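Working notes for the structure below.
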Ligand SMILES: [Fe+3]
Ligand SMILES: [Fe+3]
Ligand SMILES: [Fe+3]
Ligand SMILES: [Fe+3]
């Protein structure tokens, strides 16, 4: 049986011995002349090392050379939201320009966007250095905890980034995460990954690559993009509605074993009619995932309840009935 | 219509113009020769002033004269947990001696005990100076937020305290709050106080006085105490099972308009068979609480969904069916 | 594990193999000089001989003396329904008098009152001569099917009957069965009795003796009677609220093993605050009833679902999800 | 507001002043030389006139020539069930050949097949002469009551029938109605027609024409037919899988206003992936149907609860938790 966390406190200690105190190279593209950026890459990874859950995100000081490229990705891509982007993202980004502080000059710290996501849907961002485990990033996302990075792509590559940075996720991930039914859907991707096998971790990350990271929506009839990495780079948002890639309909099995690269612009895409339809289709795929149990996210204590017994489903079922009797008493109150 | 909070971010700004920047006197008993304790009372009042939600509780430095009285209330009342105290409190206090850091010499800081309650039930302790509003302390309690006071009673009164301190709540309130059934019960007391009138606030606070603050339980046949203030003082825990006060059965309306004082050891007590019997009896009382709506705690975003329409109950009921479809897909998985 | 029916057609064969084609004597009191009444009992018994489920009840002919003692029990007991009887039974009796055909001169046949119960709550009266198995009558009452006797007590004993007749059941059982929550209550006793062992069958029939057959209610503060046999005989309805019997509170375990006779007017009675509270106490008793499975009454096909696996509870919960999506769409429709 | 029934007893009273005591002609094709068949059509039309609910179906005598065309349709169409027909029908027709009494020589009476539908899903066949109101046949279907015709098409036209006969519905309708999901699905079509406007009756009947009467399924990958009239006539069952008609995908609104004829083999068909997917897609279409309320089928009393208030939704919701606490105590029983 593969391992999965139980509390958000247990999310740290068993996912830092595998993901942290690791001396990482600069980028997988080997060798940069960016040593003062590498020390900026080294200090930015050391914030997530001593960070434990419940402690706040320590704020990041920024020099102007990554602020100006944060400005360069801002003024390009915010103008690129009227082009080909999801309309749910447009109202979410308008909320992020008022609440979080999405601007050209000031890059928002990870705390104030985390305080935004707890007030909208209850997600929180979690600072982490690497994407080094595909399981642990998915196992955290079940806890309504999005693993996020605190670094920026380099000024030499301001448009295409081979690794997810704050320009990737604060503009691509978390404006989708401010949606309610997407955040329940993106969690149920991670809710299927607890104790899931390594090919199921791969299949869910194959699924996660094509309906959250790089996924195309359909709002008001017209097809728009809602993927995180689609709304993170310059030409790919122009590429997804362009027709030299092909857009399949979103299927569970076709997104389970889909081949994918990470460097050039992706060929296969998955059109999703709505975030709820992605949630209904993840309900079909998470059922057939073979597992000796299943898990329910217990959102009061923000934990995971293993349903490895009929008795465990019962103490979840009264957790439904204590708030369904709330609905039974609310329908008496209103009227 | 009275005012009630909507988010935990809105819990601070509309409950500090009414409860904070108030220059408080030392104690309601007028006149102490405790000026170096009054500046200690003043600095412990100002830590909650600029405290905003989402920020952690800053740690408190302690001089030895309140350490020794924290040591005095510890070695007496932990010895008084075999006598007349709840067994559900007893295993909880055993968890509080291991996880939170309860001992003789060091008083546990508020961050470590609040991070404990995130792991158990999802309550959090929130630092506040005064008990200045009886509505807002109940209005925060629906948000799974317990208003708590970071000061200590004076060394001249080590046993009886006229005001709730850390010796009141960190030994009386929180080890009840770590129970799952009592936390849902104590929140439903606060869930009736949202938008409720001032005599309904007073009816609920008289109810809160007799089934959370001073409430007596019944485990293993014998009657024990589970009240917060009962498990907070020297002689009162020996007084509640004594027969010179009378213990009534816990009733919805006979706890609503029950008279109460605060100085003398209390006469009337309310025996509760279990916390679930306290929960279903609050379900009967909060139903008849007259209100233009009812409110439901949204445990994902830690907020309140006001159900003032049939449409508002639906967007809760979609959250119930997405919760139940997790359960139906779990019962397919287990078996 | 003993035997219990699954379909309503399987209420017939395995409960007529043990309770039918039995040569029955006239009364358990030894010896009547009433051979024409014996032929009446024999013909009434062979009405239920070839009766299968889905067939209507064949109408019963009545001569002058059973019509006259029906008039006697009707004009005594309807006049006594103002005396110490349930007001819910009073309004249900008014509904029976305008709907089913309750009058002094004509005794109502079983078909019209059965069509009334399928109109109100969905019970059906089902003709059978003897109560020969205490297990099978309860296991029928699981199916919302009340086994019922199509004969009349003796004319020389118009007030006290040693056996349940139409003057017993049509006066005491069926106007309680037309109530919603008491029907769901009395169905849950048989739902507890499905596949239960012999001393569990004895305990559940013993409970049924004290909360359906002879059970006492409390409406508007005042104690009244709602039991079947209490509201079936003349002197017992005035005896039960007299003080020479003792009335304990309704308890799940103290009604399970409570001793009882049947000839003398009963000593111990069980006051119930409401039929809903009786339903909660039967829920708490039926929880602790030891059984390798449970059963859910599926009221669409009127059948019984064994929950002996999490898969069975899943395909039970899917119908709950259809009927709750019905409510979630209804709350969108209304507003 | 249009009129809708409330009980199954009230289903007869206000759907016989509008559909019964009307002298109907032989066929809509004007003029047959079939006077002794017209009296056979008349006596079948008069068996439904004095029919009431709860009163069972009286048996129908059959002479040779309606048996001889029942001989003809049973040899041809049962051979046409391995070809192009739904496999869920095939196991149901095998269930219908065993239980109901389906054979070549004896046309089964309506009582033995209606006793089967109460045994599987809880539907019942209700004898009626004409389909004269498209609302009332839909308004009955919400009650799990299928309006059905106890006559047979003439021997001169034994393969194509201009009107639904016993060969239409006992081979087409009821072996679909024995499915658990389809009976819930076909009721939800009728559940949208309560108090619905005449264009909504027409929109539902055009919907009912294309997903129950003439609807094509997709079982095990291959496309098969599950429509009632498709599995009722000779050449149409080979026509629907043929390619000179076109089979659209089943849609909510494209089935609502879809034009249709009745004489020529139908052009447009609606492929449905499963009966549950048709139930999900009727959940989407009947949601957007404008109505002053919605209706819930209360399957205990076999009646309809009109949900024109939040209070009416609440007395449904206590029915949910009453059988959810059944499920909550079942998950404790099993384990
Ligand atoms: Fe990302
Ligand atoms: Fe307190
Ligand atoms: Fe009886
Ligand atoms: Fe038809």
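Chains as they are written, first to last, in my numbering: chain W, 305 to 639; chain D, 305 to 639; chain C, 305 to 639; chain U, 305 to 639. Here a beta-carbon is modelled for each residue, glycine too, at the ideal position from N, C-alpha and C.
In the three-state reduction of the DSSP assignment, residue 444 of chain W falls in the helix class, which pools H, G and I. Proximity of the beta carbon of residue 401 of chain D to ligand 2 is not indicated: no heavy atom of the ligand is located closer than 7 Å. Relative to residue 606 of chain U, the option among U/532, U/445 and U/478 whose CA is nearest is U/445. Taking the Cβ of residue 479 of chain C as the reference point, every heavy atom of ligand 3 lies at 7 Å or farther away.
Residues are counted here when their Cβ sits less than 7 Å from a Cβ of chain D; for the region 471-492 of chain W these are 488, given in chain order.
Following the DSSP letters along the chain, one finds residue 584 of chain C in no beta strand (DSSP E) but inside the alpha helix (DSSP H) bounded by residues 579-592. Per DSSP, residue 344 of chain D lies in no beta strand (DSSP E) segment; the continuous alpha helix (DSSP H) that holds it begins and ends at 339-350. Burial of residue 490 of chain U is indicated by the presence of at least 16 other C-beta atoms within 10 angstroms of its C-beta.
Classified as buried, residue 374 of chain C has 16 or more neighbouring CB atoms from the shown chains inside 10 Å of its CB. Residue 491 of chain W sits in a helix when the DSSP states are folded into three classes. With contacts defined by Cβ atoms closer than 8 Å, residue 450 of chain C and residue 429 of chain C form a contacting pair. Non-local beta-carbon contacts of residue 602 of chain C in its own chain, meaning distances under 6 Å to residues more than five positions away in sequence, involve 609 in chain order. In this structure, residue 306 of chain C lies near residue 501 of chain C, with their beta-carbon atoms less than 8 Å apart. When 8 Å is used as the limit between beta carbons, residue 448 of chain D is near no residue of chain C, the shortest such separation being about 26 Å. Look at residue 449 of chain C here: in three-state DSSP terms it is strand. Contact check for residue 393 of chain W against residue 480 of chain W passes: the beta carbons are separated by less than 8 Å.
Against chain C, the CB of residue 569 of chain U has no partner CB under 8 Å away; the residue lies outside that interface. In this structure residue 537 of chain W touches residue 465 of chain W by the C-beta definition: roughly 7 Å separates them, less than 8 Å. Residues of the region 608-619 of chain W with a Cβ closer than 7 Å to any Cβ of chain U, in chain order: 613, 614, 615, 617 and 618. Listed along chain D, the residues sitting closer than 8 Å to residue 633 of chain W by beta-carbon distance are 587, 590, 591 and 598. For residue 468 of chain C, the Cβ falls inside the 7 Å cut-off from some heavy atom of ligand 3. Taking C-alpha positions only, residue 594 of chain U is separated from residue 499 of chain U by approximately 10 Å. For a Cβ distance threshold of 7 Å, residue set 614 of chain U lies close to residue 638 of chain W, ordered along the chain.
Scanning its chain for C-beta atoms nearer than 8 Å, with the 5 sequence neighbours on each side dropped, one finds around residue 379 of chain D the residues 408, in chain order. One Cα belongs to residue 477 of chain U, the other to residue 422 of chain U, and the distance between them is close to 15 Å. Beta-bridge partners of residue 576 of chain C (DSSP): C/521.
DSSP assignment within the region 410-436 of chain D yields the following whole alpha helix (DSSP H) runs of 4 residues or more, N-terminal first: 414-424. Residue state for residue 600 of chain U is assigned as strand, using DSSP reduced to three classes. No Cβ of chain D is located within less than 8 Å of the beta carbon of residue 414 of chain W. Taking C-beta atoms as the reference points, residue 535 of chain D and residue 527 of chain D fail to come closer than 8 Å. CA-to-CA, the gap between residue 614 of chain U and residue 387 of chain D works out to about 50 Å. Annotation: Cβ neighbours of residue 621 of chain D in chain C (cutoff 8 Å, chain order): 628, 631, 632 and 635. Between the alpha carbons of residue 555 of chain W and residue 574 of chain W lies a distance of about 8 Å.
Here the C-alpha atom of residue 515 of chain U lies approximately 7 Å from the C-alpha atom of residue 531 of chain U.
Partner residues in the beta bridge of residue 526 of chain C, as assigned by DSSP, are C/523. Ranked by Cα distance from residue 329 of chain U, the first of U/426, U/320, U/492 and U/344 is U/344.
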